[PDB]
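In: Need a 3D model of the following:
(2 chains, ligands or ions: 2)
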Amino acid sequence: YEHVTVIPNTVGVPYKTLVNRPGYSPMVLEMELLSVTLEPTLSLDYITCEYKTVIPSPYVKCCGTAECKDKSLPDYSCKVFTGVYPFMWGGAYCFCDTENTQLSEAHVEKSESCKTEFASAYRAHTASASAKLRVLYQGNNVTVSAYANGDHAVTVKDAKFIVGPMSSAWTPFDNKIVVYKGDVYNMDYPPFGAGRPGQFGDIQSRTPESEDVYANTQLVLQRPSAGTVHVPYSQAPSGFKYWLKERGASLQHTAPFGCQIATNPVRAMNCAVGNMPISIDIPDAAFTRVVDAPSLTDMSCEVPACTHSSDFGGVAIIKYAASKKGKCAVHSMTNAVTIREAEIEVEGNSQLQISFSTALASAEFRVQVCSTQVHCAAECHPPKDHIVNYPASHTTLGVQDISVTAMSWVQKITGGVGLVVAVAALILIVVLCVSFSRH
Amino acid sequence: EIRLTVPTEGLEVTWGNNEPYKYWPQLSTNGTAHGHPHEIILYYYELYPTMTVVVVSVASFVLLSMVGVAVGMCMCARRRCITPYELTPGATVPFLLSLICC
Ligand SMILES: *[C@@H]1O[C@H](CO[C@@H]2O[C@@H](C)[C@@H](O)[C@@H](O)[C@@H]2O)[C@@H](O[C@@H]2O[C@H](CO)[C@@H](O[C@@H]3O[C@H](CO)[C@@H](O)[C@H](O)[C@@H]3O)[C@H](O)[C@H]2NC(C)=O)[C@H](O)[C@H]1NC(C)=O
Ligand SMILES: *[C@@H]1O[C@H](CO)[C@@H](O[C@@H]2O[C@H](CO)[C@@H](O[C@H]3O[C@H](CO)[C@@H](O)[C@H](O)[C@@H]3O)[C@H](O)[C@H]2NC(C)=O)[C@H](O)[C@H]1NC(C)=O
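Out: Residues are numbered from 1 along each chain as shown, chains lettered A, B, ... in the order given. Ligands and ions are numbered 1, 2, ... in the order given. This is the structure:
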């Protein structure tokens, strides 16, 4: 028997679905999502890291003029400074006083730290969905890890569960993703080869192992101070270091729908978005004929207390006459009321207790137990607590979902005005009919 | 001391390196259903401060408008049933018409 149901894409909240196969005792399955993971396909564009500026010992040509060659190094500059008269600890470097030239050169390359400290610029595409689902099947708790792309059936005590596809394609990740360590950012990083000095992407490399480095650091060689051999320069400080200080909050803290973010692999977890269809294939061997199952008659529902709190603050007591001892499925016939128990044990002439949660001011609902329905009704009171640490176990209310007395007052007022209009309309019609009758 | 507002969808708060705290609102009221008309409005107002005001404001407007219509129809009927008498050179108004409409 194939059963298709849909549950809200929430985590930590159980949902109950009724499997109704006429001629057989009904089954109620309680399904709870424990984890939902969206894992985006990533394509690395480039990585960034702190650069080091390499400055080879300066060449001082005494009593002559030095010249430099162009090089292909990532960000290379060379300059020859004339009129240099450098000193060493033991005295002037060389014989000539003014006829001296110094050749300064430098290039930018990835530091050794880039193997550990780097950010990866990824292109994000579609995401593969997977989920961990808790299923209460015939009184037993089975946890199944399965893909949620609608293409994976996982067996629960010989029943097959197919999860997904998810109804929402929404992801917390934008097309451009930058990953540092455990932190993922939605940053619109520059194209490779289009970096800017002092900004993220000032130094870029396609892969961690690549020798191919793009750099734009504005490295400018300056003239050395008199009497010295040092090589001064003006360069924009690593944009990686600046970025690390200016990162701001990561998606783990800023994402919509309460999404949790993790890396290695990049994952969006437990996003409260849309809903998730589940298809369940239950073998005939799992069904018990109604003639073998317990059957209840002479049922009556009374609700001694009701609070419309997020938790199961409502309690209902239902009288029953059971034909035989055994377990019996319990189902709510209305979306407005959630029942905590999936099944109860019943025998003889007695009463059963069930707990429920509703947002209704007036709880009017039916309960089906072993294919026998009862009608429950109660006046529910508000909670005194303002805040809780858990999500509601009940659905939200529609505009039509109002208290019994509120409906009565609306009918009295609406009827009162409608009556006045109906009377005025009647008088006008009668007068017009008289006016038409007269010539 | 920080006062944070909690949305119906819930609020997540992270304090330092501690695991995040999650909070959700309850449907708490000082008004009540199954009470007097003003207690019922308060109940729904506190739970749904904008939906309740819109529904009450619109419903009240429409109900008052319908009363205005009922009165306008009565005045129209009044003019139509009276005019034919006021134009009569020896007009005499029947007591019932005089009492009911005039
Ligand atoms: C099927 O599983 C549900 C949910 O519990 C899940 O399985 C358990 C074995 C654990 O691994 C859980 O971490 C996991 O979520 C069971 O319902 C849960 O039962 C436990 C008791 O076993 C309840 O905890 C109690 O809660 C009260 C009130 O706070 C405390 O006073 C108690 O000290 C104790 O902590 C838990 O609240 C309840 N959860 C729900 C949603 O009802 C269920 O009983 C189990 N069924 C079977 C046949 O195993
Ligand atoms: C139902 O009525 C309650 C009062 O009868 C009200 O509780 C009170 O609400 C006020 C805010 O409106 C809180 O703040 C006031 O009091 C504190 C000191 O306790 C001051 O610091 C504040 O500045 C302010 O004056 C009260 O603390 C709070 N008192 C109690 C006992 O709760 C409820 O909030 C009302 N419920 C609803 C749904 O409106």
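In: C-alpha coordinates for stretch A:392-412, PDB please?
Out: Coordinates of the C-alpha atoms in stretch A:392-412 are reproduced here as PDB (Å, rounded to 0.1, in the frame of the first residue of the first chain):
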ATOM      1  CA  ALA A 392       4.500  25.100  18.800                       C
ATOM      2  CA  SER A 393       3.300  21.600  18.300                       C
ATOM      3  CA  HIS A 394       0.100  23.000  16.700                       C
ATOM      4  CA  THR A 395      -0.600  24.800  13.400                       C
ATOM      5  CA  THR A 396      -1.600  28.500  13.100                       C
ATOM      6  CA  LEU A 397      -5.200  29.700  13.000                       C
ATOM      7  CA  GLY A 398      -7.200  31.000  10.000                       C
ATOM      8  CA  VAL A 399      -9.500  33.900  10.100                       C
ATOM      9  CA  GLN A 400     -12.500  31.600  10.500                       C
ATOM     10  CA  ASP A 401     -11.000  30.000  13.600                       C
ATOM     11  CA  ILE A 402     -12.700  32.000  16.300                       C
ATOM     12  CA  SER A 403     -14.300  31.200  19.700                       C
ATOM     13  CA  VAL A 404     -17.900  30.000  20.000                       C
ATOM     14  CA  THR A 405     -19.000  33.100  21.800                       C
ATOM     15  CA  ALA A 406     -17.200  35.400  19.400                       C
ATOM     16  CA  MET A 407     -19.100  33.700  16.600                       C
ATOM     17  CA  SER A 408     -22.400  34.100  18.500                       C
ATOM     18  CA  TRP A 409     -21.700  37.800  19.000                       C
ATOM     19  CA  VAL A 410     -20.900  38.200  15.300                       C
ATOM     20  CA  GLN A 411     -24.100  36.500  14.300                       C
ATOM     21  CA  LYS A 412     -26.100  38.700  16.600                       C
END
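In: list the contacts for residue 65?
Out: No chain specified, so I'll use chain A. Residues near residue A:65 by Cβ atoms under 8 Å, 6 or more residues apart in numbering or on different chains: A:80, A:82, A:101. Heads up, the C-betas are built off the backbone N, CA and C, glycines and all.
In: Check residue A:352 too.
Out: With contact set as Cβ under 8 Å, 6+ apart, residue A:352 has these partners: A:317-318, A:320, A:344, A:346, A:369.
In: which SSE is it in?
Out: Residue A:352 belongs to strand A:349-358 when elements are defined using DSSP states H and E.
In: Tell me what angle the helix or strand following that strand forms with strand A:349-358.
Out: Sequence-wise, the next helix or strand downstream of strand A:349-358 (DSSP H and E) is strand A:362-369. Here the directions of strand A:362-369 and strand A:349-358 differ by 130 degrees (axes from the mean of the first three to the mean of the last three Cα atoms, to 10 degrees).
In: Distance from whichever helix or strand comes after strand A:362-369 to the middle of the chain?
Out: The element immediately downstream of strand A:362-369 (helix or strand, assigned by DSSP H and E) is strand A:372-379. Computed by Cα atoms, centre = their mean, to the nearest Å, the chain-centroid distance of strand A:372-379 equals 38 Å.
In: Mind giving me the packing neighbours of strand A:372-379?
Out: Under the contact criterion of 3 or more Cβ pairs under 8 Å, 6 or more residues apart in numbering or on different chains; DSSP states H and E, strand A:372-379 touches strand A:296-305, strand A:314-322, strand A:362-369.
In: out of these, nearest to residue A:18?
Out: strand A:362-369 (7.7 Å; Cβ to Cβ).
In: Parallel or antiparallel, list what pairs with the closest one.
Out: Strand A:362-369 sits in its sheet next to strand A:326-332 (antiparallel), strand A:372-379 (antiparallel), going by DSSP bridges.
In: Sheet-wise, list the partners of the strand holding residue A:352 with their directions.
Out: strand A:314-322 (antiparallel), strand A:337-339 (antiparallel).
In: Buried residues in it, which are they?
Out: Within strand A:349-358, the residues scored as buried using 16 or more other Cβ atoms under 10 Å in any protein chain shown are A:352, A:354, A:356-358.
In: ditto for stretch A:5-20
Out: A:7, A:9-11, A:13-19.
In: What about the closest residue to residue A:300 other than its chain neighbours, how many residues nearby?
Out: Using Cβ to Cβ, 6 or more residues apart in numbering or on different chains and skipping residues adjacent in sequence, the residue nearest residue A:300 is residue A:319, 4.6 Å away. Number of residues near residue A:319 (other Cβ atoms under 10 Å in any protein chain shown) recorded here: 15.
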